[PDB]
Number of protein chains: 6
Amino acid sequence: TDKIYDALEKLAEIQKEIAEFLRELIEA
Amino acid sequence: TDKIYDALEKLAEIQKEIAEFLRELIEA
Amino acid sequence: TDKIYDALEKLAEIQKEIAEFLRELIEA
Amino acid sequence: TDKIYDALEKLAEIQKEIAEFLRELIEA
Amino acid sequence: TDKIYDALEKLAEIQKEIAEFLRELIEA
Amino acid sequence: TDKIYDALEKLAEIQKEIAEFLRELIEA
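A short tour of the structure in this document, coming up. Summary of conventions: residues on each chain are numbered from 1 in written sequence order, possibly unlike the entry numbering, and any residue without coordinates is omitted from what is shown. Starting at A for chains and at 1 for ligands, labels are handed out in the order in which the entities are written. Water and hydrogen atoms were dropped before computing side-chain values, which therefore reflect all heavy atoms in the structure. Residues with missing side-chain atoms are left out of burial classes, side-chain pairs and their counts.

**Topic: the layout of surface pockets**
By volume, the largest pocket amounts to about 950 Å³. Using a 1 Å grid laid over the protein atoms alone, points where a 1.4 Å probe fits but cannot get out form a cavity; open sets with protein on both sides within 12 Å along at least 5 of 7 lines form a pocket; any residue with an atom within 4 Å of a point counts as lining. If you go around the largest pocket, you meet 34 residues; those closest to its centre are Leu-25 and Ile-26 of chain A, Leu-25 of chain C together with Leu-25 and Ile-26 of chain D. Runs of H or I in DSSP of at least four residues are treated as helices and runs of E of at least two as strands, each being numbered from the N terminus. Listing elements by their share of the lining of the largest pocket, those giving two or more residues are α1 (2–26) of chain A, α1 (2–26) of chain B, α1 (2–26) of chain C, α1 (2–26) of chain D, α1 (2–26) of chain E together with α1 (2–26) of chain F. Tallied by class, the residues present in the lining of the largest pocket amount to 21 nonpolar, no polar and 13 charged. Grid points are joined across faces, edges and corners, and a volume is the space filled by probe spheres set on the points. Here the term charged refers only to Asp, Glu, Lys and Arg, the term nonpolar to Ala, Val, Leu, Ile, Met, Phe, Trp, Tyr, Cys and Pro, and the term polar to all other amino acids, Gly among them.

This is the structure we're talking about:
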C-alpha cells in the first residue's frame, strides 16, 4: 500500500540523513 | 568545538524527524 | 498489515537507538 | 507483500552496515 | 577509554537487536 | 588518517546502497 511505501521512503530518507551526518562528522 | 555543538544540533533534528515518523506511525 | 506496521515500528526504534548512540558518543 | 518484505530486509541490512561502520569507527 | 568500551557494548546491543529483527523477518 | 579516508569510502558505499534503495523504491 502506497502509505506503506511512503513510510518506507520517509524511513529511508532518515538513514540517508544519518549517513549524511556520519560523513559530515568524519571530517573532524 | 562549536562544530561539535552544530553536530549535536543537526543530529538532534534527525531525532526530531525520527520521533515525527514514530508518532505519525502510531495512529496505525 | 499490522505485522508490517510493527515491523516498521521495531525498525524505527533501532534508528532511534542509533541516533541515541550517536549523540551519546558526541559528548566524547 | 513479499516485495515489501524484501524492501524491509534490504533496508535492515543498511542499518546493519551502518552499525558495522559505527563499531568499525570506534576502534579509532 | 572505558567510556569507549561501554560505547562499543551499547553499540553491540543495537546490532544484537538488528540481528533479532533480521532473523525475525526471515520467517516471512 | 588513511584509516579515516577508508572510513569515508566504506561510508560512501553505504550511501550508494541507500541511494540504490531509494531509486529502486521510487518506481513504486
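**What about the interface of chain F and chain A?**
Residues are treated as being in contact if the distance between any of their heavy atoms lies within 4.5 Å. At the interface, 9 residues of chain F touch 12 residues of chain A. When grouped by side-chain class, the residues that make up the side of chain F that touches chain A number 8 nonpolar, 1 polar and no charged.

**Side note on the interface of chain D and chain E**
Many analyses report the size of an interface as the accessible area lost when the parts associate. Taken together, the contact between chain D and chain E spans 12 residues of the former and 9 residues of the latter. Per-class residue counts for the side of chain D that touches chain E are 6 nonpolar, 1 polar and 5 charged.

**Structural notes on a negative patch on the surface**
A contiguous patch of negative charge, built from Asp-2, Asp-6, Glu-9 and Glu-13 of chain A together with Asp-2, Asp-6, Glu-9, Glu-13 and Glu-17 of chain B, is present on the exposed surface. Among the secondary structure elements, those contributing two or more residues to the negative patch are α1 of chain A together with α1 of chain B. Top contributing element to the negative patch by residue count: α1 of chain B, with 5 residues. By secondary structure assignment, the location of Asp-2 of chain A is in helix α1. Surface patches are defined over residues having more than 30% relative accessible area and no salt bridge, joining like charges when they lie within 9 Å and nonpolar side chains (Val, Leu, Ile, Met, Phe, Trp, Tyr) when within 5 Å. Surface exposure here means Shrake-Rupley accessible area, sampled with a 1.4 Å probe, where a residue is shielded only by the protein chains that are shown. We count a salt bridge whenever a side-chain nitrogen from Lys or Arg sits within 4 Å of a carboxyl oxygen from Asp or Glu. Residues counted as positive are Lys and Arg, residues counted as negative are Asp and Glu, and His and the chain ends are not counted. Charged side chains are reduced to one point each, which is NZ for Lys, CZ for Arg, CG for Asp and CD for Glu.

**Brief notes about the packing of α1 of chain C against α1 of chain D**
One way to put it is that α1 of chain C packs onto α1 of chain D with a least axis distance of 12 Å and a crossing angle of 15°. As judged from the angle between their axes, α1 of chain C and α1 of chain D are roughly parallel. Like other packed secondary-structure pairs, α1 of chain C and α1 of chain D cross with a definite hand, here left-handed. Between α1 of chain C and α1 of chain D, the contacting residues are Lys-3, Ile-4, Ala-7, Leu-8, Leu-11, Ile-14, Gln-15, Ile-18, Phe-21, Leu-22 and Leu-25 of chain C on the first element and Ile-4, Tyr-5, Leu-8, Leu-11, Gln-15, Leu-22 and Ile-26 of chain D on the second. Of the residues that constitute the contact of α1 of chain C with α1 of chain D, the class distribution is 15 nonpolar, 2 polar and 1 charged. Only the stretch in contact is used when fitting a helix axis, every axis being a line fitted to C-alpha atoms; angles between N-to-C directions are given from 0 to 180 degrees. Reported orientations rely on four angle classes, namely roughly parallel under 35 degrees, roughly antiparallel over 145, roughly perpendicular from 65 to 115, and oblique for the rest. By convention, the crossing between two helices is left-handed when the near helix turns anticlockwise from the far helix through less than a right angle, and right-handed when the turn is clockwise.

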